[PDB]
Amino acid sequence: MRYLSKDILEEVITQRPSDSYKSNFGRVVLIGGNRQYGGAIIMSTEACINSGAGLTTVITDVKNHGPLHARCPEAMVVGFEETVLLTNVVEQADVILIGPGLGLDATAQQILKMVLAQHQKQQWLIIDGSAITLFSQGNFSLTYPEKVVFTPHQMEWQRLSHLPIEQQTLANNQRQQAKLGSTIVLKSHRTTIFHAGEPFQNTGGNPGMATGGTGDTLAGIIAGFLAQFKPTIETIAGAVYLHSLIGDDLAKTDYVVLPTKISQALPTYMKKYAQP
């Protein structure tokens, strides 16, 4: 087990080459935000953009496009009803995040089915929140599981793995990871990442981050990191570590840590660690 520290950040966050263009920094499609939870996908989008993703496209209810553009004009917006366009943006994506604010309805199930069906070996797929629940209910078989990332909290991991909370032990968690062949970012008070290699144990987090939207922000950072950096699980560990490092720093002054504040801090923190 590797216990995370700033060295993960110096490892993962590379200085950009002088002659770089947007697409070098990845195309991300974020999918979520039903009519009640549009804010969730807006928080993931803000995190993704602030993290350095080259191009961010958001598939979300058209209700949410207006407030999303008020806060995140850098994002392209596609509604759930724009079937041809949404299919196209997903095909062209380097990274797909599905789940923030997604909910559990039929359109949600169809989009997940479509994403999974088309998933290609070169694409990262992050399945978060209610998308983990849908995936668990639908008996899918992943074509390229090594490129799928699940970000469950402990209750979603019970749904996915059948491990009850008390049995969510290092060895049992690893065995269920192995069964899937995917990366499991098991979110908790101290988040642990299970994969083909040596698990990563996060060392930060505070209860001031126990507020709505914190996981949406993390998912957006993970997507942005996978858009830009080496396609190894260390990159995901870097995202996880940075999310809580900024949170822990904010918590020194702020009783609750608003997720937008974590996103807004990303450019200055990343510059600090970018490998010289």
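For every residue, the number given is its place in the sequence shown, counted from 1.
The mean Cα B-factor in the deposited entry runs higher for 22 to 30 than for the other of 222 to 230 and 22 to 30.
Averaged over CA atoms, B-factors in the entry run higher in 12 to 20 than in the other of 12 to 20 and 257 to 265.
Residue 144: CA B factor lies in the highest third for its chain, per the PDB record. Sorting the modelled residues of the chain by their CA temperature factor places residue 207 in the middle third. Ranked within its chain, residue 270 lands in the lowest third, by CA B factor from the PDB record. Ranked by C-alpha B-factor against the other modelled residues of its chain, residue 54 falls in the highest third. When the CA B factors of the chain's modelled residues are split into thirds, the value for residue 177 lands in the middle one.
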